[PDB]
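This is model_8.txt. It holds compact mmCIF, C-alpha atoms.
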```txt
# COMPACT_ATOMS: atom_id res chain seq x y z
CA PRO H 1 152.63 131.56 141.68
CA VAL H 2 151.24 129.51 144.57
CA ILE H 3 153.68 128.53 147.34
CA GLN H 4 152.25 125.96 149.78
CA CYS H 5 154.13 125.51 153.06
CA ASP H 6 153.25 122.42 155.11
CA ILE H 7 155.15 123.02 158.35
CA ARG H 8 155.06 121.59 161.84
CA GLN H 9 152.88 123.37 164.41
CA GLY H 10 154.43 125.38 167.25
CA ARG H 11 155.83 128.55 165.64
CA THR H 12 154.69 132.01 166.64
CA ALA H 13 152.58 134.20 164.37
CA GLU H 14 155.66 136.38 163.85
CA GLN H 15 157.84 133.46 162.73
CA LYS H 16 155.22 132.34 160.19
CA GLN H 17 154.79 135.86 158.82
CA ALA H 18 158.57 136.28 158.59
CA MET H 19 158.66 133.01 156.64
CA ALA H 20 155.92 134.13 154.25
CA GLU H 21 157.60 137.48 153.63
CA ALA H 22 161.03 135.88 153.08
CA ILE H 23 159.54 133.34 150.66
CA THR H 24 157.73 136.13 148.79
CA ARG H 25 160.98 138.06 148.40
CA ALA H 26 162.91 134.91 147.46
CA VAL H 27 160.43 133.99 144.72
CA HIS H 28 160.23 137.55 143.37
CA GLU H 29 164.02 137.91 143.25
CA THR H 30 164.97 134.49 141.80
CA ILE H 31 162.31 133.85 139.12
CA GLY H 32 161.04 137.37 138.48
CA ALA H 33 157.44 136.77 139.49
CA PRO H 34 155.74 140.08 140.38
CA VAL H 35 154.89 140.31 144.07
CA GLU H 36 151.24 140.83 143.08
CA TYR H 37 151.14 137.29 141.59
CA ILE H 38 152.58 135.55 144.67
CA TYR H 39 150.26 133.66 147.03
CA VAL H 40 151.81 131.89 150.04
CA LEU H 41 149.66 129.41 151.94
CA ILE H 42 150.72 128.05 155.35
CA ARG H 43 149.38 124.80 156.82
CA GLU H 44 150.41 123.45 160.24
CA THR H 45 150.42 119.80 161.29
CA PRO H 46 151.86 117.79 164.19
CA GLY H 47 155.33 116.36 163.75
CA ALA H 48 153.82 112.86 163.68
CA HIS H 49 152.12 113.79 160.40
CA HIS H 50 155.54 114.33 158.75
CA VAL H 51 157.02 110.90 157.99
CA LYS H 52 160.36 111.26 156.20
CA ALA H 53 162.27 108.14 155.16
CA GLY H 54 159.84 106.15 157.30
CA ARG H 55 160.52 108.14 160.49
CA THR H 56 158.18 110.62 162.14
CA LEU H 57 159.54 114.07 162.81
CA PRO H 58 159.68 115.44 166.37
CA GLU H 59 157.41 118.19 167.62
CA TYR H 60 158.81 121.68 167.11
CA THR H 61 159.33 123.74 170.27
CA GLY H 62 162.21 126.06 169.40
CA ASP H 63 163.99 124.94 172.57
CA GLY H 64 167.71 124.61 171.98
CA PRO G 1 158.51 120.79 155.91
CA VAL G 2 157.23 120.52 152.34
CA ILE G 3 157.27 123.68 150.19
CA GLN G 4 155.36 123.24 146.92
CA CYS G 5 155.97 125.91 144.28
CA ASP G 6 153.50 126.08 141.39
CA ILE G 7 155.17 128.53 139.01
CA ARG G 8 154.71 129.49 135.38
CA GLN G 9 156.90 127.71 132.82
CA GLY G 10 159.78 129.46 131.06
CA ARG G 11 162.47 129.92 133.72
CA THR G 12 165.98 128.55 133.30
CA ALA G 13 167.33 125.65 135.33
CA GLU G 14 169.53 128.19 137.13
CA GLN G 15 166.58 130.41 138.13
CA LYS G 16 164.60 127.47 139.53
CA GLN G 17 167.59 126.17 141.51
CA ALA G 18 168.22 129.68 142.85
CA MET G 19 164.59 129.81 143.94
CA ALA G 20 164.74 126.42 145.65
CA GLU G 21 167.94 127.34 147.50
CA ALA G 22 166.62 130.75 148.56
CA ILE G 23 163.38 129.19 149.84
CA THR G 24 165.38 126.55 151.73
CA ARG G 25 167.43 129.27 153.45
CA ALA G 26 164.33 131.39 154.11
CA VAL G 27 162.44 128.52 155.75
CA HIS G 28 165.49 127.43 157.78
CA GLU G 29 166.17 130.95 159.06
CA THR G 30 162.61 132.07 159.87
CA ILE G 31 161.03 128.98 161.49
CA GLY G 32 164.06 126.95 162.52
CA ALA G 33 163.35 123.92 160.36
CA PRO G 34 166.61 121.97 159.96
CA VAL G 35 167.81 122.00 156.38
CA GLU G 36 167.70 118.19 156.48
CA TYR G 37 163.89 118.33 156.97
CA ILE G 38 163.17 120.72 154.07
CA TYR G 39 161.78 119.42 150.77
CA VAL G 40 161.09 121.94 147.99
CA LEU G 41 159.04 120.75 145.02
CA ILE G 42 158.68 122.79 141.82
CA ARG G 43 155.88 122.33 139.28
CA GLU G 44 155.58 124.35 136.06
CA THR G 45 152.35 125.24 134.27
CA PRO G 46 151.38 127.54 131.41
CA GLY G 47 150.38 131.04 132.39
CA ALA G 48 146.84 130.28 131.20
CA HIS G 49 146.54 127.72 134.02
CA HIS G 50 146.94 130.50 136.63
CA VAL G 51 143.64 132.38 136.91
CA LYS G 52 143.87 135.03 139.63
CA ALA G 53 140.85 137.23 140.40
CA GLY G 54 139.19 135.84 137.27
CA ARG G 55 142.07 136.84 134.97
CA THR G 56 144.57 134.58 133.22
CA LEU G 57 148.22 135.31 133.91
CA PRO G 58 150.54 135.96 130.95
CA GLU G 59 153.28 133.61 129.82
CA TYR G 60 156.69 134.10 131.40
CA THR G 61 159.37 134.79 128.78
CA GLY G 62 162.30 136.34 130.66
CA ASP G 63 161.79 139.46 128.50
CA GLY G 64 159.79 142.58 129.27
CA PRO K 1 140.86 110.11 150.89
CA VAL K 2 143.10 111.83 148.34
CA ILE K 3 146.68 110.55 147.96
CA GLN K 4 148.83 112.86 145.82
CA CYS K 5 152.13 111.39 144.63
CA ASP K 6 154.71 113.84 143.26
CA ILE K 7 157.35 111.53 141.78
CA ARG K 8 160.27 111.94 139.42
CA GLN K 9 159.63 111.25 135.73
CA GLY K 10 160.98 108.15 134.00
CA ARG K 11 158.94 105.24 135.37
CA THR K 12 156.97 102.92 133.11
CA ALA K 13 153.18 102.87 132.98
CA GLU K 14 153.35 99.51 134.75
CA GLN K 15 155.45 100.86 137.65
CA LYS K 16 153.10 103.81 138.22
CA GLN K 17 150.01 101.58 138.15
CA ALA K 18 151.69 99.16 140.56
CA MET K 19 152.39 102.10 142.87
CA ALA K 20 148.81 103.37 142.70
CA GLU K 21 147.40 99.91 143.42
CA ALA K 22 149.82 99.27 146.30
CA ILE K 23 149.00 102.65 147.85
CA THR K 24 145.28 101.94 147.48
CA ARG K 25 145.68 98.63 149.32
CA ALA K 26 147.95 100.20 151.96
CA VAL K 27 145.48 103.00 152.72
CA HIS K 28 142.50 100.62 152.76
CA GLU K 29 144.22 98.16 155.11
CA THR K 30 145.79 100.59 157.59
CA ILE K 31 143.07 103.24 158.14
CA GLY K 32 139.94 101.45 156.94
CA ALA K 33 139.11 103.81 154.10
CA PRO K 34 136.77 101.99 151.71
CA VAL K 35 138.41 101.41 148.35
CA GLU K 36 135.51 103.33 146.79
CA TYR K 37 136.61 106.49 148.67
CA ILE K 38 140.28 106.35 147.63
CA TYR K 39 141.63 108.63 144.88
CA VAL K 40 145.33 108.38 143.98
CA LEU K 41 146.78 111.12 141.80
CA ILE K 42 150.25 110.88 140.22
CA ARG K 43 152.27 113.87 138.99
CA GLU K 44 155.70 113.58 137.37
CA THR K 45 158.47 116.19 137.50
CA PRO K 46 162.14 116.30 136.55
CA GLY K 47 164.57 115.35 139.28
CA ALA K 48 165.84 118.94 139.29
CA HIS K 49 162.42 120.06 140.57
CA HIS K 50 162.92 118.02 143.78
CA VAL K 51 165.28 119.94 146.07
CA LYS K 52 165.68 118.10 149.37
CA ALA K 53 167.92 119.55 152.10
CA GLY K 54 169.18 122.07 149.55
CA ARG K 55 170.27 119.41 147.04
CA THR K 56 168.72 118.57 143.69
CA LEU K 57 167.66 114.96 143.21
CA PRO K 58 169.04 113.03 140.22
CA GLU K 59 166.99 111.95 137.24
CA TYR K 60 165.33 108.54 137.48
CA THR K 61 166.43 106.24 134.64
CA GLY K 62 165.57 102.71 135.78
CA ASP K 63 169.32 101.94 135.58
CA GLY K 64 171.90 102.06 138.34
CA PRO V 1 158.98 111.91 146.25
CA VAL V 2 156.27 113.72 148.21
CA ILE V 3 153.15 111.71 149.13
CA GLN V 4 150.31 113.86 150.51
CA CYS V 5 147.50 112.01 152.29
CA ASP V 6 144.30 113.98 152.92
CA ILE V 7 142.30 111.61 155.12
CA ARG V 8 139.28 111.92 157.37
CA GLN V 9 139.91 112.61 161.07
CA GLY V 10 139.31 109.91 163.69
CA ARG V 11 142.15 107.39 163.26
CA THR V 12 144.58 106.57 166.03
CA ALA V 13 148.22 107.65 165.94
CA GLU V 14 149.14 104.00 165.34
CA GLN V 15 146.82 103.68 162.32
CA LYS V 16 148.28 106.82 160.73
CA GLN V 17 151.86 105.68 161.33
CA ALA V 18 151.05 102.24 159.92
CA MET V 19 149.64 103.99 156.84
CA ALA V 20 152.75 106.15 156.41
CA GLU V 21 155.07 103.15 156.76
CA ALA V 22 153.02 101.03 154.33
CA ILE V 23 152.97 103.87 151.78
CA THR V 24 156.73 104.35 152.17
CA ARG V 25 157.33 100.65 151.50
CA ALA V 26 154.83 100.62 148.62
CA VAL V 27 156.50 103.58 146.90
CA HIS V 28 160.02 102.22 147.45
CA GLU V 29 159.09 98.78 146.10
CA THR V 30 157.01 99.80 143.05
CA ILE V 31 158.92 102.77 141.57
CA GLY V 32 162.37 102.26 143.08
CA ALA V 33 162.55 105.53 144.98
CA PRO V 34 165.11 105.29 147.80
CA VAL V 35 163.49 105.42 151.23
CA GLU V 36 165.67 108.46 152.01
CA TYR V 37 163.86 110.45 149.27
CA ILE V 38 160.33 109.63 150.48
CA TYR V 39 158.35 112.24 152.43
CA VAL V 40 154.80 111.34 153.51
CA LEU V 41 152.57 114.15 154.77
CA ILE V 42 149.27 113.43 156.55
CA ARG V 43 146.43 115.96 156.81
CA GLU V 44 143.14 115.26 158.62
CA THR V 45 139.78 116.87 157.86
CA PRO V 46 136.15 116.21 158.79
CA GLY V 47 134.16 113.95 156.51
CA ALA V 48 132.06 116.95 155.47
CA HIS V 49 135.17 118.42 153.84
CA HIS V 50 135.37 115.42 151.45
CA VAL V 51 132.71 115.89 148.77
CA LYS V 52 132.88 113.06 146.23
CA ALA V 53 130.46 113.04 143.28
CA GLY V 54 128.57 115.83 145.04
CA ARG V 55 128.05 113.85 148.28
CA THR V 56 129.78 114.46 151.60
CA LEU V 57 131.56 111.53 153.16
CA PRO V 58 130.54 110.28 156.62
CA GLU V 59 132.67 110.75 159.70
CA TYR V 60 135.13 107.92 160.31
CA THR V 61 134.74 106.06 163.61
CA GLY V 62 136.02 102.56 162.85
CA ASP V 63 132.79 101.14 164.28
CA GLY V 64 131.64 98.15 162.27
CA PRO L 1 141.50 131.21 148.64
CA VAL L 2 143.49 128.79 146.48
CA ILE L 3 141.55 126.35 144.28
CA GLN L 4 143.78 123.66 142.76
CA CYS L 5 142.24 121.67 139.90
CA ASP L 6 144.00 118.44 138.91
CA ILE L 7 142.20 117.47 135.70
CA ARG L 8 142.87 115.05 132.87
CA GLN L 9 144.64 116.43 129.79
CA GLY L 10 142.81 116.99 126.50
CA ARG L 11 140.53 119.97 127.10
CA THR L 12 140.70 123.10 124.96
CA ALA L 13 142.00 126.42 126.24
CA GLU L 14 138.40 127.66 126.13
CA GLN L 15 137.10 124.80 128.31
CA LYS L 16 139.79 125.34 130.96
CA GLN L 17 139.17 129.10 131.06
CA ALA L 18 135.43 128.48 131.33
CA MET L 19 136.11 126.16 134.25
CA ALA L 20 138.36 128.66 136.01
CA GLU L 21 135.81 131.46 135.60
CA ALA L 22 132.90 129.29 136.75
CA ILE L 23 134.86 128.16 139.82
CA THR L 24 135.78 131.77 140.60
CA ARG L 25 132.10 132.78 140.48
CA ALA L 26 131.04 129.71 142.48
CA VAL L 27 133.55 130.39 145.26
CA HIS L 28 132.72 134.11 145.35
CA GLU L 29 128.97 133.50 145.54
CA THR L 30 128.89 130.63 148.05
CA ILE L 31 131.49 131.64 150.68
CA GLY L 32 131.86 135.37 150.08
CA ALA L 33 135.52 135.33 149.12
CA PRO L 34 136.27 138.56 147.23
CA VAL L 35 137.18 137.86 143.62
CA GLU L 36 140.47 139.66 144.28
CA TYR L 37 141.44 136.93 146.80
CA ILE L 38 140.69 133.96 144.53
CA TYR L 39 143.51 132.06 142.79
CA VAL L 40 142.59 129.10 140.57
CA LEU L 41 145.41 126.81 139.46
CA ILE L 42 144.96 124.13 136.79
CA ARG L 43 147.24 121.11 136.36
CA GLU L 44 146.79 118.49 133.62
CA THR L 45 147.76 114.82 133.86
CA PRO L 46 147.16 111.71 131.77
CA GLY L 47 144.09 109.70 132.66
CA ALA L 48 146.38 106.87 133.79
CA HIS L 49 147.64 109.12 136.60
CA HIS L 50 144.13 109.24 138.13
CA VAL L 51 143.50 105.97 139.97
CA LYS L 52 140.12 106.07 141.70
CA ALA L 53 138.93 103.07 143.74
CA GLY L 54 141.85 101.10 142.30
CA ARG L 55 140.88 101.77 138.67
CA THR L 56 142.66 103.97 136.14
CA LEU L 57 140.55 106.69 134.55
CA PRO L 58 140.31 106.82 130.74
CA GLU L 59 141.85 109.52 128.59
CA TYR L 60 139.70 112.56 127.90
CA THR L 61 139.19 113.10 124.16
CA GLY L 62 136.17 115.40 123.84
CA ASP L 63 134.45 112.55 121.94
CA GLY L 64 132.12 109.88 123.28
CA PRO F 1 139.43 115.28 138.91
CA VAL F 2 140.60 116.49 142.31
CA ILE F 3 139.60 120.03 143.34
CA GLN F 4 141.40 121.27 146.47
CA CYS F 5 139.93 124.36 148.15
CA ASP F 6 142.14 126.10 150.73
CA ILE F 7 139.78 128.68 152.22
CA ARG F 8 139.75 130.84 155.32
CA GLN F 9 137.98 129.47 158.40
CA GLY F 10 134.67 130.94 159.57
CA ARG F 11 132.06 129.75 157.04
CA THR F 12 129.06 127.67 158.04
CA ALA F 13 128.72 124.01 157.08
CA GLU F 14 125.99 125.06 154.63
CA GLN F 15 128.22 127.62 152.89
CA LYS F 16 131.00 125.06 152.44
CA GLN F 17 128.61 122.42 151.10
CA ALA F 18 127.07 124.98 148.72
CA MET F 19 130.60 125.76 147.51
CA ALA F 20 131.43 122.09 146.96
CA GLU F 21 128.20 121.47 145.06
CA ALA F 22 128.65 124.59 142.90
CA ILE F 23 132.24 123.61 142.10
CA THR F 24 131.13 120.08 141.23
CA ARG F 25 128.51 121.43 138.81
CA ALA F 26 130.95 123.98 137.38
CA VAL F 27 133.60 121.34 136.67
CA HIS F 28 131.08 118.88 135.20
CA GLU F 29 129.55 121.52 132.93
CA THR F 30 132.73 123.24 131.66
CA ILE F 31 135.18 120.35 131.06
CA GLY F 32 132.79 117.41 130.78
CA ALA F 33 134.13 115.42 133.71
CA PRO F 34 131.50 112.95 134.96
CA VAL F 35 130.21 113.83 138.41
CA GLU F 36 131.35 110.37 139.59
CA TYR F 37 135.00 111.34 138.91
CA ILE F 38 134.88 114.63 140.84
CA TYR F 39 136.41 114.84 144.33
CA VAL F 40 136.31 118.20 146.14
CA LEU F 41 138.47 118.61 149.23
CA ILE F 42 138.03 121.57 151.60
CA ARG F 43 140.74 122.78 153.99
CA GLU F 44 140.29 125.72 156.38
CA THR F 45 143.05 127.96 157.72
CA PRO F 46 143.24 131.29 159.54
CA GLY F 47 143.48 134.42 157.42
CA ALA F 48 147.04 134.93 158.68
CA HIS F 49 148.03 131.74 156.84
CA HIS F 50 147.04 133.33 153.49
CA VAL F 51 149.79 135.77 152.50
CA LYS F 52 149.02 137.33 149.11
CA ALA F 53 151.48 139.82 147.60
CA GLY F 54 153.22 139.88 150.98
CA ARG F 55 150.08 140.85 152.93
CA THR F 56 148.09 138.62 155.27
CA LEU F 57 144.41 138.28 154.58
CA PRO F 58 141.85 139.30 157.23
CA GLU F 59 139.76 136.82 159.15
CA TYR F 60 136.46 135.97 157.49
CA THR F 61 133.33 136.77 159.50
CA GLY F 62 130.68 137.44 156.85
CA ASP F 63 129.88 140.73 158.59
CA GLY F 64 129.14 143.44 156.06
```
Do you think you could lay out the structure here as structure tokens?
Amino acid sequence: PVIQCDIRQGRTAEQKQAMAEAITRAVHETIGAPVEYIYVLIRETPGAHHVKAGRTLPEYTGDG
Amino acid sequence: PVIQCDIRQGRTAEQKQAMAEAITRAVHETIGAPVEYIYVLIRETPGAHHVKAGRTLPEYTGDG
Amino acid sequence: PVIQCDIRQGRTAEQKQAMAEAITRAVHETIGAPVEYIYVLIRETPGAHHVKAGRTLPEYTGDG
Amino acid sequence: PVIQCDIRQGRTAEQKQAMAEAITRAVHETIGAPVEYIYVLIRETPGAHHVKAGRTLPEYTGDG
Amino acid sequence: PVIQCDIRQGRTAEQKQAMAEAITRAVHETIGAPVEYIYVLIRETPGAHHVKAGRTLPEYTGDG
Amino acid sequence: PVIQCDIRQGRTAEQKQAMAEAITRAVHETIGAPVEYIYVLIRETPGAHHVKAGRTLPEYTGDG
């Protein structure tokens, strides 16, 4: 399967790889797709390019 | 974030919901996206519509 | 530009055409894309294939 | 619903937000999707990455 | 790479496989992507779901 | 039809245009879509954003 992830910019390389590995496991385990068939694609955009219910999303920083 | 999942047809409603929930948790935990921001979208296609490295994928049946 | 619209199944042909025309006008008027460059693509899915903030969306019926 | 907008780079932040708000209204009004379900995603690319009928599209500047 | 092909319904299984193979060869030969990395995904929609320059596309029948 | 090409960064403008023209011909010839209906969209990402079978893809350089 193809899993496309349009996420906000600002995560580390390690966070994005952790996401891709967790999604790969999740897909394999829940729908029985072989790992060899799984293709995860990550695309980053600014928060302003995510407009949900008419409102832009804030920039991600991980500050909390 | 938007997570699009192009998977082969033939899974049960329970399998697809399990996948969507597991992806939601995976994205939340690895990149810190609030659950409220996550949108998972599932599309089903025949196996013949997945052509990886020049080869058609088989149909998913749940059997093996 | 390409505008992909993943919507829930159940709308009439007239509703979907109205949406495509309104999006075409909206894109033309707000960002100055010539109408000739605009391509709107509509895909329908069951409500269960839309999982937002962990929750499945209901089926669209036209009633309420 | 998910509305993905692959547009050419070069618009202002205000033009892109106007587009996302107009698309949100257009979708809500034509197919009856609640605003809370609507997720607009904007991606920018160079004109050379839009190849329509075999021809690349020019860069957008808004000059006219 | 991922190559998504949103085409109008009505083609034979042989036509769609021919398209996927020809795209695989085209991508391999022009940008040097190894065949092993290429994933082609085909989705079919009614002609009415393709609205280009404000106009609906006709249904594909194989006749003319 | 819409053909979306998510490829790794690092190709020349000429390689990407050759790809788009070859895909346009391939689609026209195999499924009979008129060239005027064909819209190819190219998006570039780092190799680390392509995670296939759990493994990131290397950066493309064309060195061989």
**Over all C-alpha atoms paired in order - RMSD of chain F on chain G** =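 Here the RMSD amounts to 0.3 Å.
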**Message:** Please check the contacts: residues of chain V at most 12 Å away from chain F, using all atoms listed in the file, listed as a PyMOL selection string.
**Reply:** chain V and resi 5-8+43-57
**Asked** Separation of atom CA of residue F:60 and atom CA of residue H:60, in Å?
**Response**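 Between these atoms lies a distance of 28.2 Å.
Once residue L:11 and its same-chain neighbours fewer than 4 positions away are set aside, residues 15, 16, 60, 61 and 62 of chain L; 31 and 32 of chain F remain within 9 Å of it when counting all atoms listed in the file.
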Since the input is missing atoms, can you rebuild N, CA and C atoms for stretch 43-60 of chain L and write them as a short mmCIF file (atom, residue, chain, number, x, y, z; two decimals), in the frame of the given file?
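That gives us out24.cif:
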```cif
data_model
loop_
_atom_site.label_atom_id
_atom_site.label_comp_id
_atom_site.auth_asym_id
_atom_site.auth_seq_id
_atom_site.Cartn_x
_atom_site.Cartn_y
_atom_site.Cartn_z
N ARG L 43 146.17 122.03 136.75
CA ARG L 43 147.24 121.11 136.36
C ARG L 43 146.62 119.96 135.58
N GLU L 44 147.24 119.60 134.45
CA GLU L 44 146.79 118.49 133.62
C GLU L 44 147.68 117.28 133.80
N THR L 45 147.07 116.10 133.77
CA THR L 45 147.76 114.82 133.86
C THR L 45 147.09 113.84 132.92
N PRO L 46 147.81 112.79 132.51
CA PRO L 46 147.16 111.71 131.77
C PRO L 46 146.10 111.03 132.62
N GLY L 47 145.11 110.45 131.95
CA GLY L 47 144.09 109.70 132.66
C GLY L 47 144.67 108.60 133.52
N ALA L 48 145.75 107.96 133.05
CA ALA L 48 146.38 106.87 133.79
C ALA L 48 146.93 107.31 135.13
N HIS L 49 147.14 108.61 135.33
CA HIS L 49 147.64 109.12 136.60
C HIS L 49 146.53 109.39 137.60
N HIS L 50 145.28 109.13 137.23
CA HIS L 50 144.13 109.24 138.13
C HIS L 50 143.65 107.83 138.40
N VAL L 51 143.87 107.34 139.62
CA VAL L 51 143.50 105.97 139.97
C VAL L 51 142.50 106.05 141.11
N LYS L 52 141.22 105.88 140.78
CA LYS L 52 140.12 106.07 141.70
C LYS L 52 139.52 104.70 142.01
N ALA L 53 139.43 104.37 143.30
CA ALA L 53 138.93 103.07 143.74
C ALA L 53 139.68 101.93 143.06
N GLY L 54 140.99 102.10 142.90
CA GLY L 54 141.85 101.10 142.30
C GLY L 54 141.86 101.06 140.79
N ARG L 55 141.02 101.84 140.12
CA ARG L 55 140.88 101.77 138.67
C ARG L 55 141.40 103.05 138.00
N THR L 56 142.17 102.86 136.94
CA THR L 56 142.66 103.97 136.14
C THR L 56 141.51 104.65 135.41
N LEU L 57 141.55 105.99 135.33
CA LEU L 57 140.55 106.69 134.55
C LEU L 57 140.95 106.72 133.08
N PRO L 58 139.98 106.77 132.17
CA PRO L 58 140.31 106.82 130.74
C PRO L 58 140.83 108.20 130.34
N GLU L 59 141.45 108.25 129.17
CA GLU L 59 141.85 109.52 128.59
C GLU L 59 140.64 110.33 128.19
N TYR L 60 140.72 111.65 128.40
CA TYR L 60 139.70 112.56 127.90
C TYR L 60 140.01 112.93 126.45
#
```
